Amino acid sequence: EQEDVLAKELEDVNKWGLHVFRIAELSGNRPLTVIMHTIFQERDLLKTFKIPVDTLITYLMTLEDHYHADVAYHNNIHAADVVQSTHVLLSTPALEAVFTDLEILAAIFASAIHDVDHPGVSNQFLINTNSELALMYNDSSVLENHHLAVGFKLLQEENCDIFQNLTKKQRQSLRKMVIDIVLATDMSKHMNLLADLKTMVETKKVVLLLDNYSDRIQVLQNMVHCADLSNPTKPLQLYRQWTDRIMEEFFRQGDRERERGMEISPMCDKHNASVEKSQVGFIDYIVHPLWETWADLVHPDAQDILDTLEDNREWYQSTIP
Ligand SMILES: Nc1ncnc2c1ncn2[C@@H]1O[C@H](COP(=O)(O)O)[C@@H](O)[C@H]1O
Ligand SMILES: [Mg+2]
Ligand SMILES: [Zn+2]
């Protein structure tokens, strides 16, 4: 009966607001594996790219194992959530028939690996503490470079190469697209990415017409970035859980900062934090500007998502006075 309940919950895989935490429990802590498998089957990707089912499952479980079990936010559930959110965004009416199967594969694969092996601390923390990762990556997109390297490295494990039947050309193209997409999840690039998305909205032609790698990849970069920053646009019961989790990570990082004699980063001081004010600020300065721009690109497909974001912003704001 546990499998029956899991199957019922997975019927909502094409809908914004999937019960991803329930699926995490019902699947025996395999939300990334079951959601990826479900989406690959729904989009017929196993047949299109000749991916053996056993290879897909082996790779997925291996990848999922490299998400940390003890980080409240940047874990396998976040990976699963970004994957599923990207999957829904890819299906928007305004983008019907716009992307190739390889581009679709790249966006979903990038979403799955996008935060793999995340230590639960920020790039700035890693840079300020002279960490091994920051030393390896010269303080530039430190985590994002690492997520990519691990995600790709795991394809080399026994029976894990899900791209074994792609042509060399397809493999080269996919690799480039995935790198471009995950590097675009680095928050230091948000303002530039948003500025470029706004330029695309202002010069859009129409279903959207996008025929040059530059425009197509920029839309996919922004799409996955929106998925990554989708928690405040989800039904409130989901959003509040994501907030609880990221705040826990923030506070744990702030505890490490305090212990080292460092200045505590914004929102990371458990003795001087306002979770509610931080959410309203995050939505006002980052999430709403981004999602409103995405909504404009695909107008009016994303109106319900934007409306939810706005209702959630109002809800958090109402708790402050
Ligand atoms: N609910 C939230 N409240 C505040 N910041 C968030 C929230 N969700 C995502 N973020 C920020 O956006 C970034 C997304 O990149 P990542 O953490 O690597 O998934 C996080 O590092 C947070 O700083
Ligand atoms: Mg990230
Ligand atoms: Zn992320």
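What's counted below: heavy atoms across the whole structure, side chains too, no hydrogens, waters or symmetry copies. Numbers for residues simply follow the sequence, beginning at 1.
- When all heavy atoms of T86 and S111 are compared, the pair lying nearest together is OG1-OG, 2.9 Å.
- Of the inter-residue distances, the one linking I217 atom CD1 with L210 atom CG reads 11.5 Å to the nearest 0.5 angstrom.
- At a cut-off of 3.5 Å, with distance as the only test, a side-chain donor of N76 or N29 sits close to an acceptor on the other residue.
- Note on residues 182-204: pairs passing salt bridge (charged side-chain N to carboxylate O under 4.0 Å, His left out), not counting sequence neighbours, are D186-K189.
- Between the side chains of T92 and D301, at least one donor N or O lies within less than 3.5 Å of an accepting N or O.
- Using modelled atom types, one finds no donor on one side chain facing an acceptor on the other under 3.5 Å when comparing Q241 with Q237.
- Evaluation of the side chain to side chain donor-acceptor pair (under 3.5 Å) rule for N130 yields no partner, not counting sequence neighbours.
- In the model, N312 has no side-chain atom that pairs as donor or acceptor with a side-chain atom of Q279 under 3.5 Å.
- For the atom pair CD (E263) and CG (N128), the distance works out to 10.5 Å, reported to the nearest 0.5 Å.
- Between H78 and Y73, the two ring planes are tilted [angle within 30° to 60°].
- Salt bridge status for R252 with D255: absent, with no side-chain N to carboxylate O gap under 4.0 Å.
- With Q221 as the fixed residue, the side chain to side chain contact (heavy atoms under 4.5 Å, CB included) test singles out one of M223, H225, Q218: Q218.
- Using a 30° and 60° split on the angle between ring planes, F163 and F109 fall in the perpendicular class, above 60°.
- Between the side chains of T319 and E276, not a single donor N or O lies within less than 3.5 Å of an accepting N or O.
- Put simply, CD1 on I77 and CZ on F21 are 5.5 Å apart, with the number rounded to the nearest 0.5 Å.
- Defined by atom type and a distance below 3.5 Å, a donor-acceptor pair is missing between the side-chain atoms of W16 and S230.
- Salt-bridge check for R240 with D244: failed, with every basic side-chain N at 4.0 Å or more from each acidic carboxylate O.
- Looking at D161 and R171, a side-chain N of the basic residue comes within less than 4.0 Å of a carboxylate O on the acidic one, giving a salt bridge.
- In the model, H147 has no side-chain atom that pairs as donor or acceptor with a side-chain atom of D117 under 3.5 Å.
- Between the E144 side chain and the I179 main chain, no donor and acceptor come within less than 3.5 Å of each other.
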